[PDB]
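**Q** Below is coords32.cif; it holds mmCIF, C-alpha atoms.
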data_data
#
loop_
_atom_site.group_PDB
_atom_site.id
_atom_site.type_symbol
_atom_site.label_atom_id
_atom_site.label_comp_id
_atom_site.auth_asym_id
_atom_site.auth_seq_id
_atom_site.Cartn_x
_atom_site.Cartn_y
_atom_site.Cartn_z
ATOM 1 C CA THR M 1 56.087 128.601 115.870
ATOM 2 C CA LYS M 2 54.437 126.056 113.561
ATOM 3 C CA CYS M 3 56.698 124.235 111.065
ATOM 4 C CA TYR M 4 56.228 121.662 108.326
ATOM 5 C CA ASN M 5 57.623 118.312 109.458
ATOM 6 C CA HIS M 6 56.921 115.919 106.587
ATOM 7 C CA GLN M 7 59.726 113.963 104.930
ATOM 8 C CA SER M 8 60.638 114.273 101.261
ATOM 9 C CA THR M 9 57.492 114.224 99.132
ATOM 10 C CA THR M 10 55.214 112.506 101.699
ATOM 11 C CA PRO M 11 51.909 114.270 102.425
ATOM 12 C CA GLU M 12 52.357 117.644 104.116
ATOM 13 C CA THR M 13 52.114 117.685 107.897
ATOM 14 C CA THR M 14 52.867 120.353 110.503
ATOM 15 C CA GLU M 15 54.026 120.407 114.105
ATOM 16 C CA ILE M 16 53.844 123.093 116.763
ATOM 17 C CA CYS M 17 57.307 123.662 118.193
ATOM 18 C CA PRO M 18 57.954 123.072 121.933
ATOM 19 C CA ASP M 19 58.859 126.680 122.824
ATOM 20 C CA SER M 20 59.523 130.205 121.580
ATOM 21 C CA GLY M 21 63.236 129.539 120.949
ATOM 22 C CA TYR M 22 62.465 127.063 118.171
ATOM 23 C CA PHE M 23 62.440 127.839 114.474
ATOM 24 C CA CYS M 24 61.942 125.739 111.324
ATOM 25 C CA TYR M 25 64.385 123.835 109.141
ATOM 26 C CA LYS M 26 64.472 122.042 105.826
ATOM 27 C CA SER M 27 67.442 119.813 105.030
ATOM 28 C CA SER M 28 68.007 118.058 101.696
ATOM 29 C CA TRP M 29 70.650 115.438 100.964
ATOM 30 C CA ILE M 30 71.695 112.572 98.777
ATOM 31 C CA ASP M 31 71.964 109.130 100.319
ATOM 32 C CA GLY M 32 74.042 107.215 97.787
ATOM 33 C CA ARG M 33 71.984 108.261 94.774
ATOM 34 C CA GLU M 34 68.654 108.924 96.505
ATOM 35 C CA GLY M 35 67.492 112.480 97.274
ATOM 36 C CA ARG M 36 65.724 112.998 100.602
ATOM 37 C CA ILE M 37 64.373 115.960 102.598
ATOM 38 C CA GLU M 38 63.856 116.345 106.363
ATOM 39 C CA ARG M 39 61.705 119.100 107.850
ATOM 40 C CA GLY M 40 60.802 120.194 111.371
ATOM 41 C CA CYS M 41 61.248 122.322 114.439
ATOM 42 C CA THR M 42 64.711 122.961 115.829
ATOM 43 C CA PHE M 43 66.415 125.355 118.252
ATOM 44 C CA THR M 44 69.719 124.984 116.403
ATOM 45 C CA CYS M 45 70.423 125.044 112.665
ATOM 46 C CA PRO M 46 71.890 121.679 111.547
ATOM 47 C CA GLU M 47 75.344 121.403 109.972
ATOM 48 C CA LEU M 48 75.464 120.894 106.189
ATOM 49 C CA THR M 49 76.942 117.376 105.922
ATOM 50 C CA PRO M 50 79.265 116.338 103.068
ATOM 51 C CA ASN M 51 76.391 114.692 101.165
ATOM 52 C CA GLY M 52 73.926 117.454 102.091
ATOM 53 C CA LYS M 53 72.634 119.569 99.192
ATOM 54 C CA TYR M 54 71.282 122.383 101.350
ATOM 55 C CA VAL M 55 70.108 123.381 104.807
ATOM 56 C CA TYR M 56 67.540 126.131 105.288
ATOM 57 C CA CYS M 57 66.695 127.495 108.720
ATOM 58 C CA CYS M 58 63.956 130.088 109.076
ATOM 59 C CA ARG M 59 61.956 131.771 111.835
ATOM 60 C CA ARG M 60 58.482 132.337 110.407
ATOM 61 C CA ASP M 61 55.549 129.922 110.754
ATOM 62 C CA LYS M 62 55.607 127.256 108.024
ATOM 63 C CA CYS M 63 58.597 128.842 106.238
ATOM 64 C CA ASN M 64 60.204 125.426 105.582
ATOM 65 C CA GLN M 65 57.999 123.960 102.863
ATOM 66 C CA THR L 1 82.874 126.334 94.575
ATOM 67 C CA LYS L 2 81.983 129.925 93.630
ATOM 68 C CA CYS L 3 79.660 131.821 95.965
ATOM 69 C CA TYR L 4 78.125 135.254 96.064
ATOM 70 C CA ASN L 5 79.754 137.341 98.791
ATOM 71 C CA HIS L 6 78.084 140.739 98.531
ATOM 72 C CA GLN L 7 76.358 142.250 101.555
ATOM 73 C CA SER L 8 72.670 143.113 101.625
ATOM 74 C CA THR L 9 71.705 145.139 98.551
ATOM 75 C CA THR L 10 75.217 146.079 97.332
ATOM 76 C CA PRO L 11 76.238 145.152 93.750
ATOM 77 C CA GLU L 12 76.709 141.392 93.225
ATOM 78 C CA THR L 13 80.211 140.053 93.801
ATOM 79 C CA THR L 14 81.597 136.534 93.959
ATOM 80 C CA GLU L 15 84.482 134.690 95.508
ATOM 81 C CA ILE L 16 86.058 131.346 94.797
ATOM 82 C CA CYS L 17 86.167 129.230 97.963
ATOM 83 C CA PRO L 18 89.612 127.995 99.213
ATOM 84 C CA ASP L 19 89.180 124.272 99.919
ATOM 85 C CA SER L 20 86.935 121.348 98.949
ATOM 86 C CA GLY L 21 85.060 121.344 102.263
ATOM 87 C CA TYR L 22 83.452 124.653 101.286
ATOM 88 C CA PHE L 23 79.942 125.625 100.358
ATOM 89 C CA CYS L 24 77.946 128.859 100.182
ATOM 90 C CA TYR L 25 75.750 130.631 102.680
ATOM 91 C CA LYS L 26 73.249 133.443 102.852
ATOM 92 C CA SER L 27 72.304 134.819 106.271
ATOM 93 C CA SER L 28 69.524 137.396 106.772
ATOM 94 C CA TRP L 29 69.080 139.091 110.141
ATOM 95 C CA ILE L 30 67.762 142.247 111.818
ATOM 96 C CA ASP L 31 70.149 144.671 113.531
ATOM 97 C CA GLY L 32 67.825 146.816 115.672
ATOM 98 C CA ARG L 33 65.191 147.470 112.964
ATOM 99 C CA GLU L 34 67.531 147.270 109.961
ATOM 100 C CA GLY L 35 67.613 144.191 107.747
ATOM 101 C CA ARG L 36 71.017 142.933 106.696
ATOM 102 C CA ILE L 37 72.243 140.064 104.543
ATOM 103 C CA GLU L 38 75.641 138.392 104.606
ATOM 104 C CA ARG L 39 76.788 136.023 101.849
ATOM 105 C CA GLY L 40 79.903 133.994 101.231
ATOM 106 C CA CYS L 41 82.016 130.850 101.327
ATOM 107 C CA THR L 42 82.025 128.748 104.472
ATOM 108 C CA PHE L 43 82.956 125.300 105.780
ATOM 109 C CA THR L 44 80.230 125.405 108.459
ATOM 110 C CA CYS L 45 76.576 126.421 108.146
ATOM 111 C CA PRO L 46 75.996 129.502 110.364
ATOM 112 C CA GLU L 47 73.762 129.222 113.420
ATOM 113 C CA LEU L 48 70.414 130.986 113.204
ATOM 114 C CA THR L 49 70.661 133.472 116.077
ATOM 115 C CA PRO L 50 67.624 135.033 117.842
ATOM 116 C CA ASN L 51 67.786 138.126 115.619
ATOM 117 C CA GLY L 52 68.139 136.056 112.437
ATOM 118 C CA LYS L 53 65.391 135.736 109.812
ATOM 119 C CA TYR L 54 66.994 132.823 107.968
ATOM 120 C CA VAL L 55 70.195 131.012 107.167
ATOM 121 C CA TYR L 56 70.599 129.161 103.871
ATOM 122 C CA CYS L 57 73.539 126.872 103.102
ATOM 123 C CA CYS L 58 73.952 125.385 99.652
ATOM 124 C CA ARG L 59 76.567 123.733 97.429
ATOM 125 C CA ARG L 60 75.954 124.737 93.798
ATOM 126 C CA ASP L 61 77.876 127.646 92.255
ATOM 127 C CA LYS L 62 75.982 130.920 92.766
ATOM 128 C CA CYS L 63 73.320 129.098 94.780
ATOM 129 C CA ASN L 64 73.255 131.781 97.508
ATOM 130 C CA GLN L 65 71.868 134.832 95.651
#
Can you give me the file's structure in the form of structure tokens?

**A**
Amino acid sequence: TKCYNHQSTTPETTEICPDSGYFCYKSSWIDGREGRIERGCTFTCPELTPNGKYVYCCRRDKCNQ
Amino acid sequence: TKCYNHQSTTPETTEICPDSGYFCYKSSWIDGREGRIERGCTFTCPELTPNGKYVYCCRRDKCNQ
């Protein structure tokens, strides 16, 4: 799998995941008042933290824009 | 928190979540060849299993259509 891995609204980048068990994720949260997004490869979908807005985990190449 | 809780393509239904540590999810997976969707309230974001297409966890009312 290939996934986006750029943070927030930084310029788009991709990474090729380490193995076939990986999928993509996109996680958005508020830190104090500041919205941020993390993107990348993972083999496990992250928990939605108390200040998290959403977590999206998806299997298909570049699904996590 | 009010989340959709209808399965797959059934008529929309909602539920009001029990406690404050609750958010909504939508989970899409394949059972054999058949696509299925589960929606509802949760306090933990579901794992994306090998047969899953995506998991989406979100906080806003009706965010998980």

**Q** Hey, what comes out of the PyMOL selection byres ((chain M) within 10 of (chain L)) on this file? Could you write it as an MDAnalysis selection string?

**A** chainID M and resid 21:28 43:60 63

**Q** Store the residues picked out above in a file with C-alpha atoms, as an mmCIF file, keeping the file's coordinate frame.

**A**
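The resulting out02.cif:
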data_model
loop_
_atom_site.group_PDB
_atom_site.id
_atom_site.type_symbol
_atom_site.label_atom_id
_atom_site.label_comp_id
_atom_site.auth_asym_id
_atom_site.auth_seq_id
_atom_site.Cartn_x
_atom_site.Cartn_y
_atom_site.Cartn_z
ATOM 1 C CA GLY M 21 63.236 129.539 120.949
ATOM 2 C CA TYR M 22 62.465 127.063 118.171
ATOM 3 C CA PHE M 23 62.440 127.839 114.474
ATOM 4 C CA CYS M 24 61.942 125.739 111.324
ATOM 5 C CA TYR M 25 64.385 123.835 109.141
ATOM 6 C CA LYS M 26 64.472 122.042 105.826
ATOM 7 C CA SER M 27 67.442 119.813 105.030
ATOM 8 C CA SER M 28 68.007 118.058 101.696
ATOM 9 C CA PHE M 43 66.415 125.355 118.252
ATOM 10 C CA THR M 44 69.719 124.984 116.403
ATOM 11 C CA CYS M 45 70.423 125.044 112.665
ATOM 12 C CA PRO M 46 71.890 121.679 111.547
ATOM 13 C CA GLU M 47 75.344 121.403 109.972
ATOM 14 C CA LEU M 48 75.464 120.894 106.189
ATOM 15 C CA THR M 49 76.942 117.376 105.922
ATOM 16 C CA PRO M 50 79.265 116.338 103.068
ATOM 17 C CA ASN M 51 76.391 114.692 101.165
ATOM 18 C CA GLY M 52 73.926 117.454 102.091
ATOM 19 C CA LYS M 53 72.634 119.569 99.192
ATOM 20 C CA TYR M 54 71.282 122.383 101.350
ATOM 21 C CA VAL M 55 70.108 123.381 104.807
ATOM 22 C CA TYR M 56 67.540 126.131 105.288
ATOM 23 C CA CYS M 57 66.695 127.495 108.720
ATOM 24 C CA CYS M 58 63.956 130.088 109.076
ATOM 25 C CA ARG M 59 61.956 131.771 111.835
ATOM 26 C CA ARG M 60 58.482 132.337 110.407
ATOM 27 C CA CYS M 63 58.597 128.842 106.238
#

**Q** Quick one: everything within 6 Å of residue 3 (chain M), counting all atoms listed in the file, minus sequence neighbours fewer than 5 positions away in the same chain. Send it as a list in words.

**A**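 Returned residues: residues 14, 15, 24, 40, 41, 61 and 62 of chain M.
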
**Q** How big is the axis-aligned box around the listed atoms of region 30-37 of chain M once 8 Å is added on each side, and where is its centre? Give both in Å to one decimal, as lines of an AutoDock Vina configuration file.

**A**
center_x = 69.2
center_y = 111.6
center_z = 98.7
size_x = 25.7
size_y = 24.7
size_z = 23.8

**Q** Given the PyMOL selection byres ((chain L and resi 7-9) around 6) and the file above, list the residues it selects as a PyMOL selection string.

**A** chain L and resi 6+10+36-38

**Q** For the atom pair CA of residue 17 (chain L) and CA of residue 4 (chain L), what is the interatomic distance in Å to one decimal place?

**A** 10.2 Å

**Q** Quick one, how far is CA of residue 29 (chain L) from CA of residue 29 (chain M)?

**A** 25.4 Å

**Q** Since the input is missing atoms, can you rebuild N, CA and C atoms for region 37-59 of chain L and write them as a PDB file, in the frame of the given file?

**A**
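Final file, rebuild_6.pdb:
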ATOM      1  N   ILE L  37      71.967 141.372 105.132  1.00  0.00           N
ATOM      2  CA  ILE L  37      72.243 140.064 104.543  1.00  0.00           C
ATOM      3  C   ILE L  37      73.741 139.912 104.401  1.00  0.00           C
ATOM      4  N   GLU L  38      74.253 138.769 104.845  1.00  0.00           N
ATOM      5  CA  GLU L  38      75.641 138.392 104.606  1.00  0.00           C
ATOM      6  C   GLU L  38      75.677 137.167 103.700  1.00  0.00           C
ATOM      7  N   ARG L  39      76.621 137.149 102.757  1.00  0.00           N
ATOM      8  CA  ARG L  39      76.788 136.023 101.849  1.00  0.00           C
ATOM      9  C   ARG L  39      78.257 135.654 101.747  1.00  0.00           C
ATOM     10  N   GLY L  40      78.541 134.380 101.522  1.00  0.00           N
ATOM     11  CA  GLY L  40      79.903 133.994 101.231  1.00  0.00           C
ATOM     12  C   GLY L  40      80.205 132.505 101.240  1.00  0.00           C
ATOM     13  N   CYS L  41      81.492 132.197 101.133  1.00  0.00           N
ATOM     14  CA  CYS L  41      82.016 130.850 101.327  1.00  0.00           C
ATOM     15  C   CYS L  41      82.092 130.510 102.797  1.00  0.00           C
ATOM     16  N   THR L  42      81.867 129.237 103.103  1.00  0.00           N
ATOM     17  CA  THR L  42      82.025 128.748 104.472  1.00  0.00           C
ATOM     18  C   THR L  42      82.240 127.241 104.490  1.00  0.00           C
ATOM     19  N   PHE L  43      82.848 126.744 105.565  1.00  0.00           N
ATOM     20  CA  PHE L  43      82.956 125.300 105.780  1.00  0.00           C
ATOM     21  C   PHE L  43      81.977 124.788 106.850  1.00  0.00           C
ATOM     22  N   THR L  44      81.259 125.722 107.467  1.00  0.00           N
ATOM     23  CA  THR L  44      80.230 125.405 108.459  1.00  0.00           C
ATOM     24  C   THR L  44      78.990 126.284 108.236  1.00  0.00           C
ATOM     25  N   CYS L  45      77.812 125.677 108.351  1.00  0.00           N
ATOM     26  CA  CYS L  45      76.576 126.421 108.146  1.00  0.00           C
ATOM     27  C   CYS L  45      76.310 127.293 109.372  1.00  0.00           C
ATOM     28  N   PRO L  46      76.155 128.621 109.193  1.00  0.00           N
ATOM     29  CA  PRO L  46      75.996 129.502 110.364  1.00  0.00           C
ATOM     30  C   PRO L  46      74.782 129.151 111.223  1.00  0.00           C
ATOM     31  N   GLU L  47      74.909 129.315 112.537  1.00  0.00           N
ATOM     32  CA  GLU L  47      73.762 129.222 113.420  1.00  0.00           C
ATOM     33  C   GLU L  47      72.725 130.298 113.070  1.00  0.00           C
ATOM     34  N   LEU L  48      71.450 129.972 113.275  1.00  0.00           N
ATOM     35  CA  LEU L  48      70.414 130.986 113.204  1.00  0.00           C
ATOM     36  C   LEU L  48      70.218 131.566 114.604  1.00  0.00           C
ATOM     37  N   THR L  49      70.700 132.788 114.780  1.00  0.00           N
ATOM     38  CA  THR L  49      70.661 133.472 116.077  1.00  0.00           C
ATOM     39  C   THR L  49      69.275 134.080 116.313  1.00  0.00           C
ATOM     40  N   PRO L  50      68.952 134.457 117.572  1.00  0.00           N
ATOM     41  CA  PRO L  50      67.624 135.033 117.842  1.00  0.00           C
ATOM     42  C   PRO L  50      67.198 136.186 116.933  1.00  0.00           C
ATOM     43  N   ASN L  51      68.145 137.007 116.487  1.00  0.00           N
ATOM     44  CA  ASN L  51      67.786 138.126 115.619  1.00  0.00           C
ATOM     45  C   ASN L  51      67.809 137.772 114.125  1.00  0.00           C
ATOM     46  N   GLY L  52      68.123 136.516 113.826  1.00  0.00           N
ATOM     47  CA  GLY L  52      68.139 136.056 112.437  1.00  0.00           C
ATOM     48  C   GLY L  52      66.752 135.825 111.874  1.00  0.00           C
ATOM     49  N   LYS L  53      66.602 136.077 110.574  1.00  0.00           N
ATOM     50  CA  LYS L  53      65.391 135.736 109.812  1.00  0.00           C
ATOM     51  C   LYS L  53      65.562 134.345 109.196  1.00  0.00           C
ATOM     52  N   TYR L  54      66.685 134.137 108.513  1.00  0.00           N
ATOM     53  CA  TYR L  54      66.994 132.823 107.968  1.00  0.00           C
ATOM     54  C   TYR L  54      68.476 132.663 107.736  1.00  0.00           C
ATOM     55  N   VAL L  55      68.883 131.397 107.644  1.00  0.00           N
ATOM     56  CA  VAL L  55      70.195 131.012 107.167  1.00  0.00           C
ATOM     57  C   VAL L  55      69.961 129.963 106.074  1.00  0.00           C
ATOM     58  N   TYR L  56      70.680 130.106 104.967  1.00  0.00           N
ATOM     59  CA  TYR L  56      70.599 129.161 103.871  1.00  0.00           C
ATOM     60  C   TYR L  56      71.995 128.749 103.472  1.00  0.00           C
ATOM     61  N   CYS L  57      72.234 127.439 103.427  1.00  0.00           N
ATOM     62  CA  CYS L  57      73.539 126.872 103.102  1.00  0.00           C
ATOM     63  C   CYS L  57      73.353 125.927 101.937  1.00  0.00           C
ATOM     64  N   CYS L  58      74.168 126.090 100.901  1.00  0.00           N
ATOM     65  CA  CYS L  58      73.952 125.385  99.652  1.00  0.00           C
ATOM     66  C   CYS L  58      75.279 125.169  98.935  1.00  0.00           C
ATOM     67  N   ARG L  59      75.313 124.154  98.066  1.00  0.00           N
ATOM     68  CA  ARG L  59      76.567 123.733  97.429  1.00  0.00           C
ATOM     69  C   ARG L  59      76.808 124.209  95.990  1.00  0.00           C
TER      70      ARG L  59
END
